Amino acid sequence: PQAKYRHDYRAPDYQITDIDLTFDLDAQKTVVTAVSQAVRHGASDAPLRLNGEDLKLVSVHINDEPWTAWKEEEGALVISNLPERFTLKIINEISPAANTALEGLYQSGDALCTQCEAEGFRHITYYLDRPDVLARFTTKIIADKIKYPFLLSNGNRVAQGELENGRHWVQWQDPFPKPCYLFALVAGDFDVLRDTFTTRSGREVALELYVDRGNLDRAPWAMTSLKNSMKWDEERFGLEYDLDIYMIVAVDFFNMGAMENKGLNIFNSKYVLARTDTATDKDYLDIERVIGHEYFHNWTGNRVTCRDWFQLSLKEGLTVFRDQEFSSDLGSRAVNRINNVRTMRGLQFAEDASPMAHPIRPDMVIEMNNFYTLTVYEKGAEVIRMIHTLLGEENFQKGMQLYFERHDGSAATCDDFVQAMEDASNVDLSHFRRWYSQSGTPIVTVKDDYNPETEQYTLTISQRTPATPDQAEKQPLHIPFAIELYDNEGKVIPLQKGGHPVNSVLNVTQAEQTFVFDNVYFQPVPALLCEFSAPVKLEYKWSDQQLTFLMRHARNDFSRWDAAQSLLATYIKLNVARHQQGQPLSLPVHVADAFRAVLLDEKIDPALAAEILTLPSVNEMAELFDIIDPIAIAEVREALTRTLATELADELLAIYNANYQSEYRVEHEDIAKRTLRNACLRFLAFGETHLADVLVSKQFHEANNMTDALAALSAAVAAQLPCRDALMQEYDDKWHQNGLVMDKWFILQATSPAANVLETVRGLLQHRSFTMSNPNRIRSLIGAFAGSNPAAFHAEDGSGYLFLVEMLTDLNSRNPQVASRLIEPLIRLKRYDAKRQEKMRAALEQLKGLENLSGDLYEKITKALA
Ligand SMILES: NCC[C@H](N)C(=O)O
Ligand code: NA
Ligand code: NA
Ligand SMILES: [Zn+2]
């Protein structure tokens, strides 16, 4: 498989301006006719090269003339001797039912649907499958009426007919030119929830949400979230929907979460269907986030698209930032920021220190589906958020307006977006552009000094980014470094220098730089990198007391949580080194007191308390260490949880009882009380056994929603309580026929701390609700074991690696995209001790010798073995 390079981008030799598609649909053999109006921009002797994969060509005509000047090659139809303008007509066959990879046109249960991003359209017909080619589509679909009474494609329904033999057809027309990755087609039988939204200028938009028959009762929340998304985009960005219908289809067999096809989003039903007894608060909030994200793509993705795939972050960073601002405006900003930062420090940082590290705008790519990554998305969004921090809201919105003004209707690059922000705001972003082309996480070291004679505080800040596997050369970045200085009463000390106020967002642009502040009338406690104002690691020598003081006084809730994380980091590292020497947990009394203070503070927002009482996950704990000891980390997390359960037992039970709510509401204050209550329950599960067992079975049996029941069932598994098997068996008996609900149970099984967890997980491959043909089930059972049970996955006898090797041997042929999500834990081998490295290397050598090794796995395995 061959690498492609961003520096090789060239404008295409041919454009397509319009395409008329006819699908004669059938699950075994679908016939596709594609009539394209084309224009040659390059030399008369450059042929038209169309991408195509697994297509059976039936005919080629140019202006209606059967064409003899063509040939098929590896992945392409190359057509010569073309005039300057012509109609290309292609007829080809494909086979949806054989498509197990779920790319192109495939079968989802009884429905047919598509996935074309990034490069799936070439699995449907020969085309210029690249996002700088934009064309007006019209799509005519012909199918069996009893099996496919709904026939959907992008845009408006412009024609319909009946035929003999029980067939019918529908034609669709989408007036906006689109690159073909945004093409969609859905055929099948659905219940439809219909509603309307009226934009602020008075366009009425029909909203339609297609779900499997019998599922209409799980649809209103997605519909509500959609209207909330459309309203928010109007109020915050000034953006209205641009068409008359908005369709969403929920399908069960989907690889990528959800997809922004113009006017016809396709969603994994995991991000549509919610009922209070099947879905948790976190499901509700993810449904809202993903409905928003795909809706926000309508502008940042669809009206302005990507010139080439290396520009994926242009739409993803910007749309993730938009879905974050959305969730944050509607819910708790601090809680959102906190969870986004946990993802950054615990999952994205690890990727940026792995063999797959890449800049948010990659330079080289073998399989473009490997690059739907935490880096492109989440670090991409941190990059957009730093532009926001540097510009302020008003300038940022002006940049947005300029970007759409210059680029509405075409494919753009990241550099174009930066340039629009720079021109509209007058803030210079040429050094800042380096965040697009450099990978790895910067490390920012802060030293400080307080001068009592001059009342001056001096920060000496330095940065460097260690080399990564992909780039030997690294340079300083333009790092926005926000600070606050606190006096002894907890009040903010005004930042100033030489009689002039100073912006508290410092511009750290050099390897090393000093900043001096005047009129600092008391020795300050600093809050550093506030609101995680750049995605960097902070190295600063805090005292425990500086941290507990920030916990008590910092102005922003994010800083309070974050001071608590640095407080815990020190003791997490101490206790991991202790675990390696055979020693028990050691924690000073004053740290346990700081969390007691949080439990009993009556003014603190419960949402904030809940987050401070949620320990760093094993993945965030892993980023504290050069070499990861996954067993020590897991046992330490447990023991820390037992220690605080013991020390704070009375406080925990009291706060748990005070936050009891008899009504269930999907409302931010209620969610917050419920999160705090279940964070308490989790500790209680780890205290005295008998009481634990009682609290937990009791919550499980009395819960009136899946949030409270799952938190119980989950604490029973984690703490291996006596009632565990009985509760687990009840959930199976009640929920087995429901895949989305069972996913939560597979997750608990996969991440259990029980000694025989691998054995159970292997037995679950045979379970009535598991199947290898469904990505959601594969991820819930196998991916959760490999990626979320690191203690068991990295068992010393290497049984975890062998297991993943068997599964990936199946998946490499069945569904390479899912194979490639699942291999990720094995490609981190260099973070582990020599003996685990050697087995992981052996497992990767084994996969490397597979017969038809997919490009997706090939790219990752060779970077890992390098
Ligand atoms: N655009 C690809 C699909 C992905 N889940 C997204 O919404 O960005
Ligand atoms: Na808010
Ligand atoms: Na100092
Ligand atoms: Zn997206």
# chains A, B, ... in the order shown; residues from 1 in each chain; ligands from 1
$ residues_around --residues "stretch 735-737 of chain A" --least-positions-apart "3" --cutoff "6 Å" --atoms "only C-alpha atoms" --output "list in words"
residues 731, 732 and 769 of chain A
$ write_last_selection --atoms "C-alpha atoms" --output "short mmCIF file (atom, residue, chain, number, x, y, z; two decimals), in the first residue's frame"
data_model
loop_
_atom_site.label_atom_id
_atom_site.label_comp_id
_atom_site.auth_asym_id
_atom_site.auth_seq_id
_atom_site.Cartn_x
_atom_site.Cartn_y
_atom_site.Cartn_z
CA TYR A 731 -29.64 -7.18 33.58
CA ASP A 732 -28.93 -9.89 30.98
CA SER A 769 -26.45 -10.57 22.32
#
$ residues_around --residues "residue A:282" --least-positions-apart "2" --cutoff "12 Å" --atoms "only C-alpha atoms" --output "ChimeraX atom specification"
/A:270-271,274,276,278-280,284-289,336,339,666-668,671-672,674-675,706-708,710-711,744
$ select_by_dssp --residues "stretch 257-292 of chain A" --states "strand (DSSP E)" --output "list in words"
residues 258, 259, 264, 265, 266, 267 and 268 of chain A
$ write_last_selection --atoms "C-alpha atoms" --output "PDB file, in the first residue's frame"
ATOM      1  CA  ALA A 258     -22.494   9.659  12.748  1.00  0.00           C
ATOM      2  CA  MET A 259     -22.151  11.366   9.417  1.00  0.00           C
ATOM      3  CA  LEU A 264     -29.455  13.413   5.169  1.00  0.00           C
ATOM      4  CA  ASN A 265     -27.350  12.643   8.187  1.00  0.00           C
ATOM      5  CA  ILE A 266     -26.752   8.886   8.881  1.00  0.00           C
ATOM      6  CA  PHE A 267     -26.260   8.069  12.552  1.00  0.00           C
ATOM      7  CA  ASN A 268     -25.275   5.032  14.489  1.00  0.00           C
TER       8      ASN A 268
END
$ residues_around --residues "stretch 126-142 of chain A" --least-positions-apart "6" --cutoff "6 Å" --atoms "only C-alpha atoms" --output "ChimeraX atom specification"
/A:16-25,50-52,168-174,177-179,307-308,411
$ write_last_selection --atoms "C-alpha atoms" --output "compact mmCIF listing (two decimals), in the first residue's frame"
# COMPACT_ATOMS: atom_id res chain seq x y z
CA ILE A 16 -17.25 17.35 -12.82
CA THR A 17 -19.97 19.98 -12.50
CA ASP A 18 -23.15 17.78 -12.36
CA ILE A 19 -23.90 14.13 -11.87
CA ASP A 20 -27.12 12.18 -12.38
CA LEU A 21 -27.21 8.89 -10.54
CA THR A 22 -29.70 6.03 -10.94
CA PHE A 23 -29.62 3.08 -8.57
CA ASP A 24 -31.45 0.03 -9.53
CA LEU A 25 -31.40 -1.33 -6.02
CA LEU A 50 -11.45 7.84 -12.02
CA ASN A 51 -11.14 6.11 -8.63
CA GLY A 52 -13.02 2.84 -8.28
CA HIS A 168 -41.20 2.09 -7.46
CA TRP A 169 -38.77 4.96 -7.80
CA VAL A 170 -38.03 8.34 -6.31
CA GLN A 171 -35.74 11.14 -7.55
CA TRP A 172 -33.87 13.65 -5.32
CA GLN A 173 -32.09 16.81 -6.19
CA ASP A 174 -29.64 18.70 -3.94
CA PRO A 177 -22.56 21.47 -5.20
CA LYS A 178 -20.96 18.89 -2.89
CA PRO A 179 -17.86 16.67 -2.97
CA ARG A 307 -9.55 20.86 -0.50
CA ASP A 308 -7.93 17.47 0.25
CA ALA A 411 -13.16 23.52 -0.80
$ residues_near_ligand --ligand "ligand 4" --cutoff "8 Å" --atoms "only C-alpha atoms and all ligand atoms" --output "PyMOL selection string"
chain A and resi 259-260+293-294+297+301+315-316+319-320+377
$ residues_around --residues "residue A:387" --least-positions-apart "3" --cutoff "10 Å" --atoms "only C-alpha atoms" --output "number ranges by chain"
A: 381-384, 390-393, 395-396, 418, 421-422, 427, 429, 432, 480
$ residues_near_ligand --ligand "ligand 2" --cutoff "8 Å" --atoms "only C-alpha atoms and all ligand atoms" --output "PyMOL selection string"
chain A and resi 327-333
$ residues_around --residues "residue A:758" --least-positions-apart "5" --cutoff "12 Å" --atoms "only C-alpha atoms" --output "PyMOL selection string"
chain A and resi 749-753+763-765+781-782+784-786+789-795+797-804
$ write_last_selection --atoms "C-alpha atoms" --output "JSON list (two decimals), in the first residue's frame"
[["chain", "number", "residue", "atom", "x", "y", "z"],
["A", 749, "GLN", "CA", -17.71, -7.56, 31.73],
["A", 750, "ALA", "CA", -14.72, -6.43, 29.63],
["A", 751, "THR", "CA", -13.45, -4.01, 32.25],
["A", 752, "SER", "CA", -14.09, -6.19, 35.26],
["A", 753, "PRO", "CA", -11.15, -6.45, 37.79],
["A", 763, "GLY", "CA", -17.04, -17.00, 26.64],
["A", 764, "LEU", "CA", -19.02, -13.83, 25.82],
["A", 765, "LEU", "CA", -18.06, -14.21, 22.14],
["A", 781, "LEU", "CA", -16.70, -6.32, 24.39],
["A", 782, "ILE", "CA", -13.31, -6.55, 22.63],
["A", 784, "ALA", "CA", -13.28, -2.22, 25.98],
["A", 785, "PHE", "CA", -11.18, -5.17, 27.13],
["A", 786, "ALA", "CA", -8.08, -4.21, 25.08],
["A", 789, "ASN", "CA", -8.90, -3.06, 30.87],
["A", 790, "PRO", "CA", -5.08, -2.41, 30.64],
["A", 791, "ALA", "CA", -4.40, -4.49, 33.75],
["A", 792, "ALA", "CA", -5.88, -7.59, 32.13],
["A", 793, "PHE", "CA", -4.93, -6.75, 28.58],
["A", 794, "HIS", "CA", -1.28, -6.56, 29.73],
["A", 795, "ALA", "CA", -1.38, -9.68, 31.88],
["A", 797, "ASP", "CA", 1.64, -14.23, 30.44],
["A", 798, "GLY", "CA", 0.64, -12.24, 27.27],
["A", 799, "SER", "CA", -2.80, -13.84, 27.01],
["A", 800, "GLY", "CA", -4.31, -10.40, 26.32],
["A", 801, "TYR", "CA", -2.18, -9.86, 23.27],
["A", 802, "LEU", "CA", -2.92, -13.34, 21.92],
["A", 803, "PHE", "CA", -6.65, -12.75, 22.30],
["A", 804, "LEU", "CA", -6.50, -9.42, 20.38]]
$ residues_near_ligand --ligand "ligand 3" --cutoff "12 Å" --atoms "only C-alpha atoms and all ligand atoms" --output "ChimeraX atom specification"
/A:445-451,457-461,523-526,540-543
$ residues_around --residues "residue A:79" --least-positions-apart "5" --cutoff "7 Å" --atoms "only C-alpha atoms" --output "list in words"
residues 47, 48, 49, 69, 70 and 71 of chain A
$ write_last_selection --atoms "N, CA, C and O atoms" --output "short mmCIF file (atom, residue, chain, number, x, y, z; two decimals), in the first residue's frame"
data_model
loop_
_atom_site.label_atom_id
_atom_site.label_comp_id
_atom_site.auth_asym_id
_atom_site.auth_seq_id
_atom_site.Cartn_x
_atom_site.Cartn_y
_atom_site.Cartn_z
N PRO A 47 -5.00 11.83 -19.18
CA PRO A 47 -6.30 11.14 -19.26
C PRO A 47 -7.11 11.45 -18.01
O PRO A 47 -6.56 11.99 -17.06
N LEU A 48 -8.38 11.14 -18.03
CA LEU A 48 -9.23 11.18 -16.89
C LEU A 48 -9.00 9.93 -16.07
O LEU A 48 -9.23 8.84 -16.58
N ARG A 49 -8.57 10.05 -14.83
CA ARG A 49 -8.37 8.88 -13.97
C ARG A 49 -9.48 8.87 -12.92
O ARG A 49 -9.54 9.74 -12.06
N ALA A 69 -11.33 4.01 -25.77
CA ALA A 69 -10.00 4.51 -25.38
C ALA A 69 -9.95 4.59 -23.86
O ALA A 69 -9.95 5.68 -23.28
N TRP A 70 -9.96 3.43 -23.22
CA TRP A 70 -9.90 3.41 -21.75
C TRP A 70 -9.21 2.14 -21.27
O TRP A 70 -9.16 1.15 -21.99
N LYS A 71 -8.73 2.12 -20.04
CA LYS A 71 -8.34 0.85 -19.47
C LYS A 71 -8.58 0.82 -17.97
O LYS A 71 -8.60 1.85 -17.32
#
$ closest_residue --among "A:549, A:176, A:246, A:372" --to "ligand 1" --atoms "only C-alpha atoms and all ligand atoms"
A:372
$ select_by_dssp --residues "stretch 350-465 of chain A" --states "helix (DSSP H, G or I)" --output "number ranges by chain"
A: 350-352, 368-371, 374-391, 393-407, 414-425, 434-437
$ write_last_selection --atoms "C-alpha atoms" --output "PDB file, in the first residue's frame"
ATOM      1  CA  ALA A 350      -0.750   9.329  24.604  1.00  0.00           C
ATOM      2  CA  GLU A 351      -1.458   9.287  20.858  1.00  0.00           C
ATOM      3  CA  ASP A 352       0.936  12.238  20.374  1.00  0.00           C
ATOM      4  CA  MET A 368      -7.090   8.110   5.319  1.00  0.00           C
ATOM      5  CA  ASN A 369      -9.550   6.366   7.680  1.00  0.00           C
ATOM      6  CA  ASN A 370      -6.677   5.929  10.128  1.00  0.00           C
ATOM      7  CA  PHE A 371      -6.709   9.716  10.589  1.00  0.00           C
ATOM      8  CA  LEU A 374      -8.117  12.355  18.807  1.00  0.00           C
ATOM      9  CA  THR A 375      -5.394  14.565  17.374  1.00  0.00           C
ATOM     10  CA  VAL A 376      -7.291  15.741  14.324  1.00  0.00           C
ATOM     11  CA  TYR A 377     -10.518  16.199  16.305  1.00  0.00           C
ATOM     12  CA  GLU A 378      -9.700  17.106  19.954  1.00  0.00           C
ATOM     13  CA  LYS A 379      -6.305  18.676  19.563  1.00  0.00           C
ATOM     14  CA  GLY A 380      -7.774  20.320  16.434  1.00  0.00           C
ATOM     15  CA  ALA A 381     -10.439  21.851  18.609  1.00  0.00           C
ATOM     16  CA  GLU A 382      -7.817  23.071  21.184  1.00  0.00           C
ATOM     17  CA  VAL A 383      -6.115  24.744  18.237  1.00  0.00           C
ATOM     18  CA  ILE A 384      -9.303  26.532  17.256  1.00  0.00           C
ATOM     19  CA  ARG A 385      -9.948  27.390  20.950  1.00  0.00           C
ATOM     20  CA  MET A 386      -6.469  29.004  21.226  1.00  0.00           C
ATOM     21  CA  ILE A 387      -7.332  31.216  18.190  1.00  0.00           C
ATOM     22  CA  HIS A 388     -10.464  32.110  20.184  1.00  0.00           C
ATOM     23  CA  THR A 389      -8.381  32.833  23.246  1.00  0.00           C
ATOM     24  CA  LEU A 390      -6.008  35.042  21.265  1.00  0.00           C
ATOM     25  CA  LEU A 391      -8.773  36.953  19.375  1.00  0.00           C
ATOM     26  CA  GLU A 393     -15.307  36.273  20.836  1.00  0.00           C
ATOM     27  CA  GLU A 394     -15.970  39.381  18.768  1.00  0.00           C
ATOM     28  CA  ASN A 395     -12.863  39.084  16.622  1.00  0.00           C
ATOM     29  CA  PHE A 396     -13.323  35.347  16.337  1.00  0.00           C
ATOM     30  CA  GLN A 397     -16.927  35.781  14.969  1.00  0.00           C
ATOM     31  CA  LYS A 398     -15.572  38.341  12.496  1.00  0.00           C
ATOM     32  CA  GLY A 399     -13.055  35.763  11.298  1.00  0.00           C
ATOM     33  CA  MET A 400     -15.914  33.236  10.932  1.00  0.00           C
ATOM     34  CA  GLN A 401     -17.815  35.711   8.801  1.00  0.00           C
ATOM     35  CA  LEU A 402     -14.839  36.490   6.627  1.00  0.00           C
ATOM     36  CA  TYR A 403     -14.090  32.732   6.198  1.00  0.00           C
ATOM     37  CA  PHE A 404     -17.641  32.056   4.944  1.00  0.00           C
ATOM     38  CA  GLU A 405     -17.636  35.217   2.817  1.00  0.00           C
ATOM     39  CA  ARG A 406     -14.451  34.179   1.018  1.00  0.00           C
ATOM     40  CA  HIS A 407     -15.075  30.471   0.924  1.00  0.00           C
ATOM     41  CA  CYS A 414      -6.506  25.072   7.041  1.00  0.00           C
ATOM     42  CA  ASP A 415      -4.214  27.856   6.023  1.00  0.00           C
ATOM     43  CA  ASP A 416      -7.217  29.699   4.432  1.00  0.00           C
ATOM     44  CA  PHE A 417      -9.102  29.539   7.768  1.00  0.00           C
ATOM     45  CA  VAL A 418      -6.171  30.880   9.740  1.00  0.00           C
ATOM     46  CA  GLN A 419      -5.674  33.558   7.219  1.00  0.00           C
ATOM     47  CA  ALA A 420      -9.326  34.692   7.466  1.00  0.00           C
ATOM     48  CA  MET A 421      -9.062  34.900  11.271  1.00  0.00           C
ATOM     49  CA  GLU A 422      -5.822  36.853  10.939  1.00  0.00           C
ATOM     50  CA  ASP A 423      -7.259  39.318   8.328  1.00  0.00           C
ATOM     51  CA  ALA A 424     -10.513  40.000  10.181  1.00  0.00           C
ATOM     52  CA  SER A 425      -8.973  40.490  13.577  1.00  0.00           C
ATOM     53  CA  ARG A 434       3.148  26.177  13.332  1.00  0.00           C
ATOM     54  CA  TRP A 435       0.533  24.333  15.494  1.00  0.00           C
ATOM     55  CA  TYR A 436      -0.814  22.904  12.194  1.00  0.00           C
ATOM     56  CA  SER A 437       2.476  21.385  11.090  1.00  0.00           C
TER      57      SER A 437
END
$ residues_around --residues "residue A:652" --least-positions-apart "6" --cutoff "9 Å" --atoms "only C-alpha atoms" --output "list in words"
residues 596, 599, 645, 677, 680, 681, 683 and 684 of chain A
$ closest_residue --among "A:290, A:250, A:818, A:728" --to "ligand 1" --atoms "only C-alpha atoms and all ligand atoms"
A:290
$ decode --residues "stretch 580-593 of chain A" --atoms "N, CA, C and O atoms" --output "PDB file, in the first residue's frame"
ATOM      1  N   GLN A 580       5.181  -0.980  43.310  1.00  0.00           N
ATOM      2  CA  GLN A 580       6.234  -1.804  42.715  1.00  0.00           C
ATOM      3  C   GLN A 580       7.212  -2.435  43.716  1.00  0.00           C
ATOM      4  O   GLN A 580       7.817  -3.411  43.420  1.00  0.00           O
ATOM      5  N   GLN A 581       7.336  -1.815  44.897  1.00  0.00           N
ATOM      6  CA  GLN A 581       8.198  -2.270  45.981  1.00  0.00           C
ATOM      7  C   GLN A 581       7.415  -3.179  46.981  1.00  0.00           C
ATOM      8  O   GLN A 581       7.924  -3.532  48.030  1.00  0.00           O
ATOM      9  N   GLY A 582       6.171  -3.537  46.671  1.00  0.00           N
ATOM     10  CA  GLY A 582       5.331  -4.246  47.638  1.00  0.00           C
ATOM     11  C   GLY A 582       4.734  -3.446  48.813  1.00  0.00           C
ATOM     12  O   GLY A 582       4.316  -4.031  49.826  1.00  0.00           O
ATOM     13  N   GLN A 583       4.638  -2.121  48.717  1.00  0.00           N
ATOM     14  CA  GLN A 583       4.238  -1.373  49.891  1.00  0.00           C
ATOM     15  C   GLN A 583       2.818  -0.911  49.772  1.00  0.00           C
ATOM     16  O   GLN A 583       2.354  -0.715  48.703  1.00  0.00           O
ATOM     17  N   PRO A 584       2.120  -0.709  50.892  1.00  0.00           N
ATOM     18  CA  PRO A 584       0.707  -0.225  50.840  1.00  0.00           C
ATOM     19  C   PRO A 584       0.628   1.305  50.524  1.00  0.00           C
ATOM     20  O   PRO A 584       1.654   2.005  50.541  1.00  0.00           O
ATOM     21  N   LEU A 585      -0.574   1.794  50.222  1.00  0.00           N
ATOM     22  CA  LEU A 585      -0.856   3.194  49.991  1.00  0.00           C
ATOM     23  C   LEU A 585      -0.355   4.135  51.140  1.00  0.00           C
ATOM     24  O   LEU A 585      -0.505   3.855  52.354  1.00  0.00           O
ATOM     25  N   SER A 586       0.278   5.250  50.754  1.00  0.00           N
ATOM     26  CA  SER A 586       0.648   6.273  51.716  1.00  0.00           C
ATOM     27  C   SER A 586       0.069   7.592  51.205  1.00  0.00           C
ATOM     28  O   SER A 586       0.271   7.927  50.022  1.00  0.00           O
ATOM     29  N   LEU A 587      -0.662   8.316  52.066  1.00  0.00           N
ATOM     30  CA  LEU A 587      -1.317   9.578  51.671  1.00  0.00           C
ATOM     31  C   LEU A 587      -1.318  10.521  52.875  1.00  0.00           C
ATOM     32  O   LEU A 587      -1.755  10.162  53.961  1.00  0.00           O
ATOM     33  N   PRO A 588      -0.805  11.728  52.711  1.00  0.00           N
ATOM     34  CA  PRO A 588      -0.800  12.542  53.942  1.00  0.00           C
ATOM     35  C   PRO A 588      -2.198  12.891  54.337  1.00  0.00           C
ATOM     36  O   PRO A 588      -3.119  12.898  53.522  1.00  0.00           O
ATOM     37  N   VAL A 589      -2.355  13.183  55.614  1.00  0.00           N
ATOM     38  CA  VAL A 589      -3.677  13.449  56.158  1.00  0.00           C
ATOM     39  C   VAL A 589      -4.278  14.686  55.466  1.00  0.00           C
ATOM     40  O   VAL A 589      -5.447  14.728  55.099  1.00  0.00           O
ATOM     41  N   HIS A 590      -3.469  15.719  55.261  1.00  0.00           N
ATOM     42  CA  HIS A 590      -4.009  16.941  54.662  1.00  0.00           C
ATOM     43  C   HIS A 590      -4.592  16.802  53.232  1.00  0.00           C
ATOM     44  O   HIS A 590      -5.404  17.646  52.812  1.00  0.00           O
ATOM     45  N   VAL A 591      -4.250  15.734  52.500  1.00  0.00           N
ATOM     46  CA  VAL A 591      -4.856  15.494  51.187  1.00  0.00           C
ATOM     47  C   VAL A 591      -6.236  14.917  51.314  1.00  0.00           C
ATOM     48  O   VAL A 591      -7.174  15.302  50.646  1.00  0.00           O
ATOM     49  N   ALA A 592      -6.362  13.939  52.192  1.00  0.00           N
ATOM     50  CA  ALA A 592      -7.676  13.430  52.556  1.00  0.00           C
ATOM     51  C   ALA A 592      -8.562  14.578  53.086  1.00  0.00           C
ATOM     52  O   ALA A 592      -9.729  14.676  52.679  1.00  0.00           O
ATOM     53  N   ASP A 593      -8.030  15.453  53.939  1.00  0.00           N
ATOM     54  CA  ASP A 593      -8.782  16.658  54.320  1.00  0.00           C
ATOM     55  C   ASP A 593      -9.241  17.539  53.214  1.00  0.00           C
ATOM     56  O   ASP A 593     -10.336  18.072  53.323  1.00  0.00           O
TER      57      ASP A 593
END
